[PDB]
Amino acid sequence: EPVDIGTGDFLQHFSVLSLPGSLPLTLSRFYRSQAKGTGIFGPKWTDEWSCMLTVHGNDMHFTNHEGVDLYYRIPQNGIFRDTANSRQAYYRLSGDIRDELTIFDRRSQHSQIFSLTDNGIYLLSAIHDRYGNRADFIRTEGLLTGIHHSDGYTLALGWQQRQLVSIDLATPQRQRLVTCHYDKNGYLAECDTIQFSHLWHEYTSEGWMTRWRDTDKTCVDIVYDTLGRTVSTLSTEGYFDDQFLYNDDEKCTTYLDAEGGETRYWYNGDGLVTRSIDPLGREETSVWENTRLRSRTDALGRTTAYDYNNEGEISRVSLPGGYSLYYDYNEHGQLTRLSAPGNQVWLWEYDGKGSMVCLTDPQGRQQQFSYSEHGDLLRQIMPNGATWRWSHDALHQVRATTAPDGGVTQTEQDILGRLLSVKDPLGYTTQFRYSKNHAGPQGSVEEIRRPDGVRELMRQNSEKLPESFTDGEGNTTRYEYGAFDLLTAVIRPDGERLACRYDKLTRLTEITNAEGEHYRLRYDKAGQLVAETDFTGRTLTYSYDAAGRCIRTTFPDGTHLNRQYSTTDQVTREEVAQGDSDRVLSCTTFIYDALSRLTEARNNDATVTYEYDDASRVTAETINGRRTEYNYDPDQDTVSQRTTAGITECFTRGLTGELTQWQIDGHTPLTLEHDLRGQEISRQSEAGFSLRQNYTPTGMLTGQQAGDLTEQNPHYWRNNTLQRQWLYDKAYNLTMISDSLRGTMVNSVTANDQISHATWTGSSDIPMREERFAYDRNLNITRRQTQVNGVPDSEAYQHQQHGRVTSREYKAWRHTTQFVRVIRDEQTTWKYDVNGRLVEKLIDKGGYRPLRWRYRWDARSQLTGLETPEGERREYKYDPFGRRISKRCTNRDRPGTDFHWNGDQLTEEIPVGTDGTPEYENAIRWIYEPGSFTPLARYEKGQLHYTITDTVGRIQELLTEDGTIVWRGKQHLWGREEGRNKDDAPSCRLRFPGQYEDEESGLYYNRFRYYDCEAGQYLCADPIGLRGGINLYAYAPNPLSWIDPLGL
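Residues numbered from 1 in each chain as written, not as in the entry; some residues may be left out. Heavy atoms only, no water.

**Observations regarding the sheet that holds strand β1 (residues 3-4)**
Right, on to step 1. Taken in spatial order, the four strands line up as β1-β2-β3-β6 in an open sheet, and their pairing is antiparallel. Across the chains shown, the open sheet's two edge strands, defined by having one partner strand only, are β1 and β6 (45-46).
Right, on to step 2. Two elements, strand β2 (residues 9-19) and strand β3 (residues 25-32), share eight bridges in a ladder whose sense is antiparallel. Looking at β3, one finds that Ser15 is bridged to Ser28. (Pairing = 2+ DSSP bridges. Helix = DSSP H or I, 4+ residues; strand = E, 2+ residues; numbered from the N terminus.)

In C-alpha cells:
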C-alpha cells in the first residue's frame, strides 16, 4: 500500500528506533504527501514523539503520530475525566487544562502526559505505564533535546538550525542511533538508523516525494498531478511500474499494476473502501459506521460482522458458518473473557496494576502469574504445579530463567537487545560478538563462539540482510539481492549458483539450479499461481474459485483433481476426472461435525473416522474397523493411555512433559531419566534392558552404552553389551563412528557436507569395506565405487537427466591371486511418464536375460501396482491421507500385509492369509511416542523388544526385555540394509524414519513416495513441489545428517 486510495496520498511508514526496557521506547516516521503536519523529522513526517493537544474554540485537538485529529469538548469546569471520542474510543483524556493533560490508551494501558507551553498548546512531556515506568521528554528552546528513562538511560537529540540531525544514546553508554539530512527546503532527505533502514528521499517544492532509495538496489520514482495525487510509480529495476486513476465524481480509484491487472476501489466520505473489484472481477464489499468497520462480504457472499460495546471495543465477531466469538473486558479495556463455539471459554484476571495474574483455559485449568512492582514477570505456575522463574537485567530483559526442574539458563544482551551470551543449565556457554563495517559499504559481522570450540561467522550487507555464512570448517554460503530485498542468488560453498527471478510485482517466476535448468511459475492478473513447469518440462495447471481456493489441478496426461470446499475453507470432496469427459474416475469425501472437526474421510479403499472429547482432543482413530483409543493426562493434554485390540499402553510424564515411564500389556515398565537440559541420559527396565546416552556441549548425541549397568558383572553381559561413539567435525558432520559390535567408521565430506568416502574397519588397519561417492552439480549421486580389503569390489556410474536418474552402468570384480577381473557388467535405464513417475526400470545384465520392473500409479502419483522381472504383480492401496493400508500379491501364492496407522506413524503390520483373512493375533506392533518417528519398542505375540536408535532415529539393535541383543542392523551409506541375523530373530523392516522395506522390490516405502536406496532418489516428483526443495527427486544430501519421514 504505497498510495492512499481514498486521497491519492503517497504513503510511507518506516521504523526508526526501538529501545528495550520496562517501558519500551519505539520511534517511527510516517509520511503522507498531502499532509500538513510536522514532526521531529521536519514537515510531512509524523512520529510518536510529537503528539500534542491544542485548544480550538471549546475543543481540544489531539494530533496523533499519524497526523489524525481527534476532538474533545472542553468541559464547563475545564476538567477532563475519562473523556473519549467514538472515532477512536480507546483514547481516554483526563486532567485539568490549568494543570496537565493525560491520554490513556486502553489498548496498551500506557499514558501520555501533555504539558502547557505557548498559545494553548500542550506538548508531549512524558510516557508511562501503570507500574510507573516513565520516559521524560526534555525540551529546550522549543525543541525536544533529551529523553530520560526510569530504567536508567538517557537520549540526546542534536539540532542544527532547528533541524534534527542526530539521536544519540547518551548515558550510561554513548551510541549514535539516527542521523538525518535535509534538502534545501527542509524536507528529510536522508535517515540512517542503527537498527533498521538507511534511506534517501527527494521532494518537490511542496514536499511531494518524487524519489526514494536505499543503499544499493532499490530506487523508486513517483509522479504526481497538479492536485498532489500519486499518478505513477516506477522502480529502476522495473518493479511496480504502476499507474493510479482517480474519479472524484464517482469516488472511485483505479490501480493499474505493472502486470496488466486492474483493481477498482469505491470509497466513502472518510476515504474508507466500501467496494473493490480485483483484476479478475471478484468483488468485496464493506460496511463502515463512522470509521468503524461493521461488516465485510467476500466474493462468495460470506459475511463477517462486528458488534461493539459501549466503550468502543469489539464485543462480538460473527463468522461465516454460524460461529460467533464474544469478547468481555474490564473497566480499563483489558480482555477478561473470550467465548468461542463448542462452549470454549478463556478467563483472564488482573490485579490493581493491570498485570495478568491468572489465566483459566476452557478446561478450567489455571495458570498463575506473579509480577514485580515494575511489571516484570517473575514466576509462572502451570496447572500440574510446574513452576518457571525469571530474573531481569537493568533493561528488564530476561537474564536468568529457572526451569521447573531447577535448571538455570543465563542470557546476556546489550543495550540494543542483541544476544551476547547464553549459558545453559549445564554451564556450557555460547558467545556472540558483533562488529560494524567502518570501511566501505555499511556491512556488519556476527561471530558465534560455541562451547565445543566451533567458530561461525554471519555477515550482513548494507541493507542488513544476510550476505554470507561461514561454518566451523570454513565453508561459506553467499547471498545476493535485488531491489526490494528480493533474494536473487545463493552461492553454495562449492561455488555453484542458484538463481531466482521475479516479475514486475515481485512474484517468483523462475528458479535456476546449479546445473542451469529452469523451474518456471505463471500467475493470473490477481497473483494466483496458475501454472508451474519443473526442470523435466512437466507442467501443472491450477484453477481457483472466487475466494482463491484451488478447485482444480490439471496434469499433463489430462486428468483433473477437483476439490470442493465448505464455508470454512475445509475440503469436503475430491474427485479425479479425465480429459474432456467430466467422468468421475474416483472420489474422496470428508465429513465434519458441528465444530468443523474432521470425523470421517472415505475413499474407495479405506474409511477413517475420528472421535473427540469436549476439549477437541482425538480420543479414537479408526481405519477400516481397526480402532485405537486414547486417554489424556488432565494437566498436560498428553496421551496418558492408548489401546488397540485390547493391548493397553501407559505413558507417564514429568513436570516438563518428559517421558518418565512406559508400560504395555502388564509387562515390566520402562523408566527413563533426563538431565537439566532435557536430554535423555538413561532408559531402563528392571528385566535387564539398560541404555545410557551422553551428549556434546551443543547437544549432539555422541555416546551410547547398553548392558552391564554398574559394570559389576562384565562376564554375564558378554555379547550383550554395546558401546557406541559418534564424533563430528566443526561443521557437525558425522565423520567417525566407534561401534563395539561392528567396528570403526570414518567419513570424508565435501564442501556441500556430502559424504565422499566412507570406510568401515574392524580389526585390520586396511579398511575391510569402503564406499566412494561423487556428485553432480545438483548434488545427486554419480559415481559409487566399493572396495573390499583395499581391492576394487564394484563400480557404478549413474546419470541424471533433469534431476532424476535415467541410466547407470555397473560392474563387479572377482579377486584372483593380485588381479581383478569383471564378473558382472550391466546397464540400467529408467523411463518416466509425462507426469514424472517412474514407469519402467530395465536392467540389461550382459550375458543374462534382462530384468525389468514396471510401475503403475494413480492420479495422485501413488504407487498402486508393481510388476517384477518374473512377472509377478503386487498391489498397494492407500487411505484418503496417502497412508498405505494394504499390500497384496494379486496373482501368486504370497501372503498379504495390512497396515494400521496412528496419525503419521505406521503402528501395525498385520499378516494376511492368501484367503484374505487378517491375522490380527500375529500383528507386529511398532511403539512410537505420539508424533515421533523414532520407535522405542516392538510388540509381537506378547513379545516385547526394545530398540536402540542412531543419530537419525534408525533402529540399529532390537533387544529383549532382559537386554539380550537379538537384531543387529548393518547398512550401506544410503540405506541398504544387509545385517545377517538369526532365522528366529524378530523382523525389522524399518529403515530411515518413515521408511519401510518391501522385500518384493527392495524399495523403501516412505509415506508419500517410494525411496530407492541405491540411486538415492524417489520414484516420482515431490508432490509438494518447490516447498520440499529444488531437488524434486532427491532424498537428502547426506543420509546421516537429514531425514525425510513423509517422503516430501
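**Things to note about the sheet that holds strand β90 (residues 996-997)**
Right, on to step 1. Taken in spatial order, the four strands of this open sheet run β90-β91-β92-β93, and their pairing is antiparallel. The open sheet is flanked by β90 and β93 (1017-1018), the only strands paired with a single partner.
Right, on to step 2. By the bridge criterion, three bridges tie strand β91 (residues 1004-1006) to strand β92 (residues 1009-1012) in an arrangement that is antiparallel. From the neighbouring strand, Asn1006 faces β92, where its bridge partner is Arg1009.

**Examining the domain arrangement of the chain**
Right, on to step 1. Structurally, the chain comprises domain 1 (3-228 + 242-304), domain 2 (306-385), domain 3 (406-470) and domain 4 (474-539).
Right, on to step 2. For domain 1 and domain 4, the distance between their C-alpha centres works out to 37 Å.
Right, on to step 3. Facing the 14 residues of domain 1 at the interface are 12 residues of domain 4.
Right, on to step 4. Each partner contributes to the roughly 990 Å² buried at the junction of domain 1 and domain 4, and carbon and sulfur atoms together form 61% of this total.
Right, on to step 5. Across the contact surface, domain 1 and domain 4 share zero salt bridges.
Right, on to step 6. Remark: the boundary between domain 1 and domain 4 carries four residue pairs in polar contact.
Right, on to step 7. Looking at the side of domain 1 that touches domain 4 residue by residue, the classes come out as six nonpolar, three polar and five charged. (Domains from an automatic or database assignment. Contact = heavy atoms within 4.5 Å. Buried area = accessible area lost by both parts, 1.4 Å probe. Salt bridge = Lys/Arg side-chain N within 4 Å of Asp/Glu carboxyl O. Polar contact = N/O pair within 3.5 Å; in protein donor to acceptor, adjacent residues only side chain to side chain. Nonpolar A, V, L, I, M, F, W, Y, C, P; charged D, E, K, R; others polar.)

**Focus: a nonpolar patch on the surface**
Right, on to step 1. Together, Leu426, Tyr428 and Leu676 line one region of the surface with nonpolar side chains, adding up to about 240 Å² of accessible area.
Right, on to step 2. Among the secondary structure elements, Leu676 is positioned in the loop between β65 (670-674) and β66 (680-685).
Right, on to step 3. Judged by relative accessible area, which is 36%, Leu676 ranks as partly exposed. (Patch = residues over 30% accessible without salt bridge, like charges linked within 9 Å, V, L, I, M, F, W, Y side chains within 5 Å. Areas by Shrake-Rupley, 256 points an atom, 1.4 Å probe, with all protein chains shown as cover. Buried < 20%, exposed > 50% of the residue type's maximum accessible area, 1.4 Å probe, protein only.)

**What about the packing of aromatic side chains?**
Right, on to step 1. All chains considered together, the criterion is met by 32 aromatic pairs.
Right, on to step 2. A centroid spacing of 4.7 Å and a plane angle of 15 degrees characterise the contact between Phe689 and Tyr946, whose relative ring orientation is stacked.
Right, on to step 3. Of the residues examined, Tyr946 reaches a relative accessible area of 0% and is grouped as buried.
Right, on to step 4. Centroid distance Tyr878 to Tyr1005: 6.3 Å. Interplanar angle 50 degrees. Geometry classified as tilted. Residue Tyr878 is found in strand β81 (residues 873-878), and its partner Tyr1005 is found in strand β91; the two are separated by 127 residues along the sequence. Neither residue differs from the other here; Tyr878 and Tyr1005 are each classed as buried.
Right, on to step 5. Clustering of aromatic rings is evident, with ring pairs tying together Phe10, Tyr31, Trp45, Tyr187 and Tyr203.
Right, on to step 6. For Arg507, the ring lying beneath its charged end belongs to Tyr523, and the centroid distance is 5.2 Å. (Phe/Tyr/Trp six-rings, centres within 6.5 Å; stacked < 30°, edge-to-face > 60°. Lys NZ or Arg CZ within 6 Å of the ring centre and 35° of its normal.)

**Some details on the pairing of strand β82 (residues 884-889)**
Right, on to step 1. Across the six residues that make up β82, a large majority, five, are buried.
Right, on to step 2. Of the strand pairs in this sheet, β81 and β82 are connected by five bridges, and their pairing is antiparallel. The residue of β82 that forms the bridge with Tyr878 is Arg884.
Right, on to step 3. The turn joining β81 and β82, which pair antiparallel and follow one another in sequence, is formed by five residues; a positive phi near 85 degrees is taken by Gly882.
Right, on to step 4. As paired elements, β82 and strand β83 (residues 896-902) share two bridges and run antiparallel to each other. Opposite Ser886, over in β83, you have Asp898 as the bridge partner.
Right, on to step 5. From the end of β82 to the start of β83, which pair antiparallel, there are six residues.

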